[PDB]
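Given next are the chains, with one letter for each unit.
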There are 4 protein chains.
Amino acid sequence: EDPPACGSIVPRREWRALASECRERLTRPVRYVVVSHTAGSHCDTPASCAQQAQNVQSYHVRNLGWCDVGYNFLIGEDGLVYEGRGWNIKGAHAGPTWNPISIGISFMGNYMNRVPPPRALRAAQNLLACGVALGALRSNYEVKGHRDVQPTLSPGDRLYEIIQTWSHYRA
Amino acid sequence: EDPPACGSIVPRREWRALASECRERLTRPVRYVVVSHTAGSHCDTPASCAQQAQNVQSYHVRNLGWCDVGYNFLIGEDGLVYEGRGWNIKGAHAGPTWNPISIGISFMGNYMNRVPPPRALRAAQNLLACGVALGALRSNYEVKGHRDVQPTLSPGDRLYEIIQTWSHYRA
Amino acid sequence: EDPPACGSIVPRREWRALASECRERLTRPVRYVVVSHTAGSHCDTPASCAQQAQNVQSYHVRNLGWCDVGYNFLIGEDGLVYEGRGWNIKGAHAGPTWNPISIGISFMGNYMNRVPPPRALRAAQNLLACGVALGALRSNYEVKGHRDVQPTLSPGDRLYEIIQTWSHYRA
Amino acid sequence: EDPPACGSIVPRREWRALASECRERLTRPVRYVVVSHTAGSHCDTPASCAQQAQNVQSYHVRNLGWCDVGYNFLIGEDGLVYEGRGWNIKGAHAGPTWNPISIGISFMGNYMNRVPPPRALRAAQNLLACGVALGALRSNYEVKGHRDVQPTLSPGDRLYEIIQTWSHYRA
């Protein structure tokens, strides 16, 4: 089996992440990717973004009692991918119907009136292409916006427009 | 346009780079990758690193006279790769013996008494692997240290020690 | 609110199918029905027709990597109806435009030089009445030929001839 | 060596095509090429083919109400390449997933039990060289059978067996 030095993700340890108690796997290859946002403080530095991730995982563990941060991955306006649950474990990011079959990634911000910087869309887009290459994702994987699978605004109105334009995007 | 660009590289125009005037082309697949260190000021933020890449090109274009920034790629401590001359255009980073057979990648800063963060060591690593997929780099690519090819202290005592522990590092 | 009862359909489990990974839904009542043929070999027994169904689903999920068999239902020469993606989940049988607004039933076999046996027709025709009886289909639904909506020989010459004589068919 | 380097193609005006109303463009260099086969009747005189290609266009534009013939290029047995949607306009020949990332070439006629003549095959392979040479095709582009991305017999058993021998074919 083949494993291609792919991507650059800030590992848990690095953004100071807690230990995951999360133990439910996803069958490879996941067919869906659901893009969302934290609707909270946005960070533009590697340091402040590490903090932002820590803040999201915290609010998810200490307050929602989830086994870990909800998302499989997080994306910084700093232009970095943040390791959340990962490619192999189940996320708690979008309904029991969708969590067992999708990869949830969410830009750390509020994109109702703002747009994620170009560097962050590249992070995301690559993080994804990786997954395919790594075989975690199907090559014909489908990208959906949070609001396409739950009654919400996530991934924010502006980011949502942006992801419509993606080739792997399915309504 | 697809997705972006493996290695999530920051395009020239994104760091407000003056257009290159370079024409000499590299004969891919390239064999060498010469790691250096700008020798100048170090930045730790996307914004502060675009200003730094823009600064180096300056010295290379306005002052030294070259058609563009020396190195093919610059790596920021912001953990983001900045595209200089890219994968095809010959570099002006490691002399006339080496410039036509290697990718010159420079770390933004003086790595004599400190070392670049993992986030950049990561970014760099990816870049090379992304280079292989692109076919610009022959996968049995050897990685040399600036000081290994031309009398100089670059890429810094403490950076240089790291480079040697790289699987593809040779001398 | 009735109950008709007209589901003389072989359930996925009976023809032992892989689980559908498809989740996209058709709004009911659906207005159009598109008849296609598998173009494949023909089966004339619940035992083979069950095999056939496994195989068709197999060609779509394994070699094409599709969420699940393309059709919503499949007619066999065994005179039975096999449940494809059913009445509610949108199929992948007639392209981007008709898929979201039509049920696609498909005959298992190749009708360029054959007509499906009377019972295959009966199974089909009644299947629709059934779909109108539950309200899946609109009481005044229009029937198209696979080749009528997209370039193909489907549903085969002889069978095409027949469905044009059909009541609900439309130019 | 020298741009055109290639292409002996019958333009539209020549075979009297209708004006293309299509606008959705393709991104070069294109990575994939899907090989199809009209499956209708075959030709073999610049006159019978110029006629042939037109019937086909008519059909896709009239009966299915499209912008312009589905294919990008059609291959006659006269040994000529009839210009379809071209190298830059997205085709309508392989489903939502591959149309915007592939170029569709179709052999005029049905090749299930028969194979196109030496010349037919040269025109097409030549056409592909042409494509790479003009930068319309990624240099190490891949070739897919139609039945390899869509549920179909296209491009016939014999033609398929043949394209499965090519240097650019991928499972």
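(A) Layout of the interface of chain B and chain A. The interface of chain B with chain A comprises 22 residues on the first partner and 21 residues on the second. The junction of chain B with chain A conceals about 1500 Å² of combined surface from both sides, 50% of it contributed by carbon and sulfur atoms. Applying the counting rule to chain B against chain A returns four salt bridges. Between B:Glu14 and A:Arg122 there is a salt bridge, and its shortest N-O distance comes to 2.9 Å. Counting the contacts that link chain B with chain A gives seven residue pairs in polar contact. For the side of chain B that touches chain A, the element with the highest residue contribution is helix α3 (residues 118-133) of chain B, accounting for six residues. Within the side of chain B that touches chain A, the residues separate by chemical class into twelve nonpolar, five polar and five charged.

(B) Region of the structure containing unusual backbone geometry. Along the chain, C:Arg28 connects to C:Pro29 via a cis peptide bond; the corresponding omega equals 5 degrees. Mapped onto the secondary structure, C:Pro29 falls in the loop between β1 (9-10) and β2 (30-37). Residue C:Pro155 follows C:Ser154 across a cis peptide bond; omega there is 0 degrees. Of note, C:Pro155 is situated in the loop between α4 (146-149) and α5 (157-165). Positive phi is not limited to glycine here, since D:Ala5 has a value of about 35 degrees. Locating D:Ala5 in the fold gives a position in the segment before β1 (9-10). Residue D:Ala5 is classed as partly exposed on the basis of its relative accessible area of 48%. Although it is not a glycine, D:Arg16 adopts a positive phi angle of roughly 55 degrees. Mapped onto the elements, D:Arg16 comes out in the loop between β1 and β2 (30-37). Exposure remark for D:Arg16: the relative accessible area of 64% places this residue in the exposed category.

(C) Just the state of the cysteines, in detail. Residue and element names in this part refer to chain B. One pass over the full model with this rule turns up twelve disulfides over all chains. Paired through a disulfide, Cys-43 and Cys-49 show a sulfur-sulfur distance of 2.0 Å. Judged by the sign of its S-S torsion, about 100 degrees, the bond between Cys-43 and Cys-49 is right-handed. Exposure class is identical for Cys-43 and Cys-49. Each is buried.

(D) Structural context of the interface of chain C and chain A. On the chain A side, the residues contacting the nine residues of chain C number eight residues. Across the chain C to chain A interface the summed buried area is about 600 Å²; carbon plus sulfur atoms make up 34%. Connecting chain C to chain A are two salt bridges. With a shortest N-O distance of 3.3 Å, A:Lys144 and C:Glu24 are connected by a salt bridge. At the surface where chain C touches chain A, the tally comes to six residue pairs in polar contact. The class makeup of the residues in the side of chain C that touches chain A is five nonpolar, one polar and three charged.

(E) View of the UniProt feature "disulfide bond" in chain A. Residues and elements named next belong to chain A. Measuring from sulfur to sulfur, the annotated disulfide partners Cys-6 and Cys-130 are 2.0 Å apart, close enough to count as bonded by the 2.5 Å criterion. Here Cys-6 is found in the segment before β1 (9-10), whereas its partner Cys-130 is found in helix α4 (residues 118-134), with 124 residues between them in sequence. The exposure class of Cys-6 is partly exposed, given its relative accessible area of 33%. By relative accessible area, which is 6% here, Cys-130 ends up buried. Between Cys-22 and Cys-67, where UniProt annotates a disulfide, the S-S separation is 2.0 Å; being under 2.5 Å, the link is counted as present.

(F) Expanded view of the environment of C:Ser36. Residue and element names in this part refer to chain C. Within the secondary structure layout, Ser-36 lies in strand β2. Owing to a relative accessible area of 1%, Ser-36 belongs among the buried residues under this scheme. Each C-alpha atom of the pair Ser-36 and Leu-121 lies 13 Å from the other, and the pair is 85 residues apart in sequence.

(G) Representation of the pattern of salt bridges within the structure. Residues and elements named next belong to chain C. Per the stated rule, a full pass over the model turns up 28 salt bridges over all chains. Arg-12 serves as the salt-bridge partner of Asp-68, at 3.0 Å between the closest nitrogen and oxygen. Placement of the pair is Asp-68 in the loop between α1 (46-63) and β3 (73-75) and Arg-12 in the loop between β1 and β2, with a sequence separation of 56 residues. Close ionic contact of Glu-161 with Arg-158 constitutes a salt bridge, the shortest N to O distance being 3.0 Å. You can see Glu-161 and its partner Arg-158 sitting in helix α5, three residues apart, about one turn around the helix. According to the relative accessible area criterion, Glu-161 is partly exposed, its value standing at 43%.

(H) The sheet that holds strand β1 (residues 30-37) of chain B, seen in detail. All names here are of chain B. Read from one edge of the open sheet, five strands run β3-β2-β4-β1-β5, paired in mixed fashion. A single partner strand is all that each edge strand has here, and the edge strands are β3 (81-83) and β5 (137-145). The sheet shows a mean angle of 25 degrees between the axes of neighbouring strands, direction not considered. Bridging between strand β2 (residues 73-75) and β3 involves three bridges; their strand directions are antiparallel. For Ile-75, the partnering residue across the bridge sits in β3 and is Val-81.

(I) Quick peek at the side chain of A:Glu142. All names here are of chain A. Relative to the helices and strands, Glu-142 resides in strand β6 (residues 137-145). Given the relative accessible area of 16%, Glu-142 is considered buried. Of note is the side chain of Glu-142, whose polar atom sits 3.4 Å from the side chain of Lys-144. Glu-142 has contacts with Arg-31, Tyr-32, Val-33, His-168 and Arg-170, leaving out every residue within four places of it along the chain.

About the criteria used
Residues numbered from 1 in each chain as written, not as in the entry; some residues may be left out. Chains lettered and ligands numbered in written order. Heavy atoms only, no water. Contact = heavy atoms within 4.5 Å. Buried area = accessible area lost by both parts, 1.4 Å probe. Salt bridge = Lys/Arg side-chain N within 4 Å of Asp/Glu carboxyl O. Polar contact = N/O pair within 3.5 Å; in protein donor to acceptor, adjacent residues only side chain to side chain. Helix = DSSP H or I, 4+ residues; strand = E, 2+ residues; numbered from the N terminus. Nonpolar A, V, L, I, M, F, W, Y, C, P; charged D, E, K, R; others polar. Buried < 20%, exposed > 50% of the residue type's maximum accessible area, 1.4 Å probe, protein only. Disulfide = S-S within 2.5 Å. UniProt positions renumbered as here; feature names shortened; annotations may be inferred. Pairing = 2+ DSSP bridges. Axes fitted to C-alpha atoms, helices over the stretch in contact; angles between N-to-C directions.

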